[PDB]
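Asker: one piece of my complex first, more on the way:
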Amino acid sequence: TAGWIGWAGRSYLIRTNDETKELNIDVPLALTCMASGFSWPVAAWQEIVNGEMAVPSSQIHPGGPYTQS
């Protein structure tokens, strides 16, 4: 159930990609993602394997600078 919730949510976020959609929920798409999240185990393993789950750490902010530039 928890993986279902997480998958649904991540899928809505990926599909929307907009603060406006985050604020005013696109209820049709949200319900669609909630329903679709039932195959989350297979879908998540497939994305992990194929590289669509995690992005390289060089594509995201690492944190504060610890040295001189």
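Answerer: Nice, thanks for sending it over. Numbers count the residues shown, from 1 in each chain, chains lettered A, B, ... in the order given.
Asker: could you use CA atoms for every contact and neighbour count after this?
Answerer: OK.
Asker: what comes up buried for whichever strand or helix holds residue A:20?
Answerer: For residue A:20, the enclosing helix or strand under DSSP states H and E is helix A:19-23. Judged by neighbour count (16 or more other CA atoms under 10 Å), helix A:19-23 contains no buried residues.
Asker: same question for stretch A:12-32.
Answerer: Buried positions in stretch A:12-32, judged by neighbour count with 16+ other CA under 10 Å: A:12, A:13, A:16, A:30.
Asker: and the closest residue to residue A:4 other than its chain neighbours, what is it in contact with?
Answerer: Closest residue to residue A:4 apart from its sequence neighbours, by CA to CA, 6 or more residues apart in numbering: residue A:37 at 5.1 Å. Contact analysis of residue A:37 by CA atoms under 8 Å, 6 or more residues apart in numbering lists A:4, A:5, A:7, A:8.
Asker: what is the nearest of those residues to residue A:61?
Answerer: Comparing these against residue A:61 with CA to CA picks out residue A:7 as the nearest, at 23.2 Å.
Asker: surely the closest one meets residue A:39?
Answerer: No - look at residue A:7 against residue A:39 with CA atoms under 8 Å: they stay out of range, at 9.2 Å.
Asker: of these two, which one has the most company?
Answerer: A count of neighbours by other CA atoms under 10 Å puts residue A:7 above the other of residue A:7 and residue A:39, at 22 against 12.
Asker: now that one: phi and psi?
Answerer: phi -70, psi -50 (degrees, to the nearest 10).
Asker: how much space separates it from residue A:14?
Answerer: From residue A:7 over to residue A:14 the distance is 10 Å, taken as CA to CA, to the nearest Å.
Asker: from start to finish, how long is stretch A:6-24 in a straight line?
Answerer: Its start and end residues considered, stretch A:6-24 measures 19 Å (CA to CA).
Asker: next: stretch A:27-45.
Answerer: Using CA to CA, one end of stretch A:27-45 lies 27 Å from the other.
Asker: element containing the residue positioned nearest the centre of chain A?
Answerer: In chain A, the residue lying closest to the centroid (CA atoms, centre = their mean) is residue A:10, at 3.0 Å. Per DSSP H and E: residue A:10 is located in helix A:2-16.
Asker: throw chain B on there as well:
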Amino acid sequence: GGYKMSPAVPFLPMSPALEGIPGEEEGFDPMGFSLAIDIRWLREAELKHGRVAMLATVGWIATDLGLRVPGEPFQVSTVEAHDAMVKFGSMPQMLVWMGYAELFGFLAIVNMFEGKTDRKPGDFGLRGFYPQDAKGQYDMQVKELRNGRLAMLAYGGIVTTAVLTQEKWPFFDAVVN
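Answerer: So that you can see how it sits with the rest, here is chain B on the chains above:
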């Protein structure tokens, strides 16, 4: 010629909202409810009340005269029938069905107000014994409205007098002093 005066109250001008609607021959609205609320909503509510009250009046008359459906749970008087059937379980199911029908009525009202459909206030599409000519349709709508209004008043009187005198529907053999 000045304003157009209400035939019902000759010393008041007819509300412009209730012109061209069935029942404008009387033009009765001294308190000016049509000047404050949409006439479409007002007429929808009036027709709903009239129909419900006609059914309620006929049902109260029938139960008071007798004619109870077969079964032990229904051997109660009309006044206590509400509570008896609420306990029995008939009334909750009836209310579920009312909620279904009223969901559809609410959709009809919303669509009418938004203009999606050219639906008249109380029209649901039923055409039975409906005259073809426009004058006949107007007369039939007026007949519906007047019978419904009479039924509203009649049900109010019936329920109140029944609760007061504890008599049957005619109330003719009742004592008042």
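Asker: and the contacts of residue A:37, now that chain B is part of it?
Answerer: Counting by CA atoms under 8 Å, 6 or more residues apart in numbering or on different chains, residue A:37 touches A:4, A:5, A:7, A:8.
Asker: in a markdown table: those residues, plus distance to residue B:150.
Answerer: Below are the contacts of residue A:37 laid out as a markdown table (distance: CA to CA, whole Å):
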| residue | distance to residue B:150 |
| --- | --- |
| A:4 | 59 |
| A:5 | 58 |
| A:7 | 61 |
| A:8 | 58 |
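Asker: buried ones from those, can you make that a PyMOL selection?
Answerer: Burial among the contacts of residue A:37 is assessed by 16 or more other CA atoms under 10 Å in any protein chain shown; the matching PyMOL selection reads:
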select buried, chain A and resi 4+7+8
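Asker: go through the contacts of residue A:37 and name the one nearest residue B:83.
Answerer: residue A:5 (45.3 Å).
Asker: now do the contacts for residue A:11.
Answerer: Residues near residue A:11 by CA under 8 Å, 6+ apart: residue A:33.
Asker: now the helix or strand where residue A:42 lies: buried residues?
Answerer: Residue A:42 is part of helix A:40-50, with elements assigned from DSSP H and E. Buried residues in helix A:40-50, defined by neighbour count with 16+ other CA under 10 Å: A:40, A:44.
Asker: do stretch B:14-22 as well
Answerer: Applying 16+ other CA under 10 Å to stretch B:14-22 flags B:14, B:15, B:17, B:18, B:22 as buried.
Asker: how about these in JSON lines, adding distance to residue B:81?
Answerer: Below are those laid out as JSON lines (distance: CA to CA, whole Å):
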{"residue": "B:14", "distance to residue B:81": "43"}
{"residue": "B:15", "distance to residue B:81": "42"}
{"residue": "B:17", "distance to residue B:81": "41"}
{"residue": "B:18", "distance to residue B:81": "39"}
{"residue": "B:22", "distance to residue B:81": "36"}
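Asker: just those now: which is nearest residue B:100?
Answerer: Ranked by distance to residue B:100 (CA to CA), those are led by residue B:22 at 28.4 Å.
Asker: so how far is residue B:40 from the closest one?
Answerer: Going from residue B:22 to residue B:40 by CA to CA gives 12 Å.
Asker: ok, residue B:85 next?
Answerer: From residue B:85 over to residue B:40 the distance is 35 Å, taken as CA to CA.
Asker: further, place chain C onto the existing structure:
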Amino acid sequence: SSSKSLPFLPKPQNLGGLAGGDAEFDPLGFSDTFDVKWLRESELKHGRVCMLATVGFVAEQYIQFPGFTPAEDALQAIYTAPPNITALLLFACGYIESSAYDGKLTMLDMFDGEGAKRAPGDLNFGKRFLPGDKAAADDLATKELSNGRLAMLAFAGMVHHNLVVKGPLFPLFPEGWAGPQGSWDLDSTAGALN
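Answerer: Placed with the earlier chains, chain C looks like this:
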């Protein structure tokens, strides 16, 4: 344009082109909100499962497999049945569900990219008997949908009749039946108040 089924409501515009929509009936706009392809696939699935379910519900009360302890109240047949065989039924259902849709099982995956050209309810099962003429094909599709809808309603009625009677389906009124008044007994707000 008023809907045929509900002449006091606007006609739904997104459900056109599907068999069984003669009386265009979508008062709540579900076809507008969601994809009619998915909705029709789900409707077909419910119809088929429910008509098979009604037939099985009737049959189980009388006839059972050798062994397979019976349960006159077919609602209890799930508990009374061999758990391994019930799990086998679930396994076969899952295999069919996965294979028919290739893995695009979800509301988003199915009818997306490849597989969108597939008809809503078509699983390419028993299509050899589909009449060639489009008139007869559409008539058969409408017959399937009507039988499926009637089966859905009939299965709901069967289950709830079993619940109210607390007994087998076939005797509609058990001996000494007096009414369903006492079945819904758990305390409610208004019931407790009055």
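Asker: what about the contacts of residue A:37 again, now that chain C is present?
Answerer: By CA under 8 Å, 6+ apart, residue A:37 lies in contact with A:4, A:5, A:7, A:8, C:106.
Asker: how far does the helix holding residue A:10 sit from the chain's center?
Answerer: Remark: helix A:2-16 is offset 6 Å from the chain centroid, using CA atoms, centre = their mean, to the nearest Å.
Asker: which SSE is residue C:43 in?
Answerer: Assigned by DSSP H and E, residue C:43 belongs to helix C:36-62.
Asker: do that helix and chain A meet?
Answerer: No - Helix C:36-62 does not reach chain A (CA under 8 Å from any CA of the partner chain); its nearest approach is 10.6 Å.
Asker: what is the top helix by length along chain B packed up against?
Answerer: Secondary structure of chain B per DSSP state H: the longest helix is helix B:134-165. Helix B:134-165 sits against helix B:39-65, with contacts defined as 3 or more CA pairs under 8 Å, 6 or more residues apart in numbering or on different chains; DSSP states H and E.
Asker: who touches stretch C:46-66?
Answerer: Here stretch C:46-66 has contacts from C:70-74, C:77, C:145, C:147-149, C:151-152, C:154-155, C:158, C:168-169, using CA under 8 Å, 6+ apart.
Asker: now do stretch C:120-131
Answerer: With contact meaning CA under 8 Å, 6+ apart, stretch C:120-131 is reached by C:37, C:38, C:40, C:41, C:42, C:44, C:45, C:100, C:137.
Asker: what residues are up against the closest residue to residue C:81 other than its chain neighbours?
Answerer: Counting by CA to CA, 6 or more residues apart in numbering or on different chains, residue C:68 is the residue found nearest to residue C:81 once chain neighbours are left out, at 5.9 Å. Contact analysis of residue C:68 by CA under 8 Å, 6+ apart lists C:80, C:81, C:82.
Asker: who wins on neighbours among those?
Answerer: When neighbours are taken as other CA atoms under 10 Å in any protein chain shown, the top entry among the contacts of residue C:68 is residue C:81 (16 neighbours).
Asker: wait, it sits on residue C:69?
Answerer: Yes - if you go by CA under 8 Å, residue C:81 and residue C:69 touch, sitting 6.7 Å apart.
Asker: which parts of the longest helix of chain B are buried?
Answerer: Residues of helix B:134-165 classed as buried by neighbour count (16+ other CA under 10 Å): B:140-142, B:144-145, B:148-149, B:151-152, B:154-155, B:158-159, B:161-162.
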